[PDB]
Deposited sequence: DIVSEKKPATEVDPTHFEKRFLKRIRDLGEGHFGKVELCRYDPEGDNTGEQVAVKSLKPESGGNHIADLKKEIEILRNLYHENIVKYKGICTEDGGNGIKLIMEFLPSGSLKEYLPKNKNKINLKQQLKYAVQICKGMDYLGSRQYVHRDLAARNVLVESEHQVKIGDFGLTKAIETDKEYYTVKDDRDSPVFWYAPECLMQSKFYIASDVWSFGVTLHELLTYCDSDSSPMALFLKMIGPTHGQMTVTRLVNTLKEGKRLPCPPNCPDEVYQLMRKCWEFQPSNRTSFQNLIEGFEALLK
């Protein structure tokens, strides 16, 4: 008789998504994120998932490993991977999108009390990330996903880096696509990323939330009005100059001064003088009481 291999008992990994059942619906945003239906039964009843893939393979693999081990109410859920060298990150899908799409469409529903509750949830997610010794480096309203009218989640970890044990910051090398208008002075000047640098980005995200992500009131729009919109390659040094002078984004319309003061504590020039996420949580909780 012909010799063959004994078949070992097959086990199913719920985090392993087969390419043949992962069916594309549409692009969500750009590296790119797509809405897919994982449909192993082929009858359009499968679960909708968000799929992150490459248009850098090493960076995607590191991102997958970070997200796989993060478990928090305000952090988007990892679901698994789809493997070819190629890899796709599979996450839960949030149909409301980010604060960038949701806030302009739901102003009537989202009052100051709800905005402060979203602010608390962003801080809780960020404080959990910091407790795991990570710096996010991309905290912006476009990366805050809306689970429901009552809950937001940090939804992308593409620039997330680990801070070495007993060290205070991570030094960046690849910075060409940096979101400079959300960056603290130490990031712009020395490419040094502290947990306090994410606190700075939070202050900017809080400004966006309070303006309902209005494009005319965006941090880029406002800073470009303050420094000049036609400076090209000179834009960042003009931005650094402005921040050194003590100039900050103005108080959002209808934002009470006590909320604006918490926001300004995120924007102290020196990282050591900035508020912590825990102190922000306490400040917002005192305003909600």
{"property": "Missing C-alpha runs, given along the deposited sequence, first residue counted as 1", "result": "31 to 33, 59 to 64, 94 to 96"}
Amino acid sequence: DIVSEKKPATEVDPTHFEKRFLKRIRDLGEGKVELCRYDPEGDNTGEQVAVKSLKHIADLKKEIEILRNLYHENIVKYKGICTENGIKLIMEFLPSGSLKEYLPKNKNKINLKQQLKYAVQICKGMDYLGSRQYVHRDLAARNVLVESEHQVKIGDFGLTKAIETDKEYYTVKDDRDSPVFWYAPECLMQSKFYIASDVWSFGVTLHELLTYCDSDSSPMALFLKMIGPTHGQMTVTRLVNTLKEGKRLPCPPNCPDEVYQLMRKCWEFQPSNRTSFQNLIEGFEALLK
From here on, numbers count along this sequence of modelled residues.
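Take the two forms, find the largest set of C-alpha atoms that superpose within 1.5 Å, and that set is the rigid core.
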| query | finding |
| --- | --- |
| Higher-deviation stretch (C-alpha RMS, rigid core fit) in 9 other deposited structures of this protein, choosing from 166 to 174 and 117 to 125 | 166 to 174 |
| Higher C-alpha RMS shift from the shown form in 9 other deposited structures of this protein - 175 to 183 or 192 to 200, rigid core fit | 175 to 183 |
| Gap at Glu84 across at least one third of the other PDB entries | yes |
| Greater mean Cα temperature factor according to the PDB record, 213 to 221 or 150 to 158 | 213 to 221 |
| Mean Cα B-factor comparison, 120 to 128 or 104 to 112, giving the higher one as deposited | 104 to 112 |
| Residue with maximal Cα B-factor (values as given in the PDB entry) among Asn85, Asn74, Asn143, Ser96 | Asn85 |
| Highest recorded Cα temperature factor - choice among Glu47, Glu245, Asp257, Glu63 | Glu245 |
| Chain-wide C-alpha B factor ranking for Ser201, given as lowest, middle or highest third | lowest |
| Ranked C-alpha temperature factor of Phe193 among modelled chain residues, by third | highest |
| Third of the chain's Cα B-factor distribution that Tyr78 belongs to, per the entry | lowest |
| Third of the chain's Cα B-factor distribution that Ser276 belongs to, per the entry | middle |
| Ranked C-alpha temperature factor of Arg238 among modelled chain residues, by third | highest |
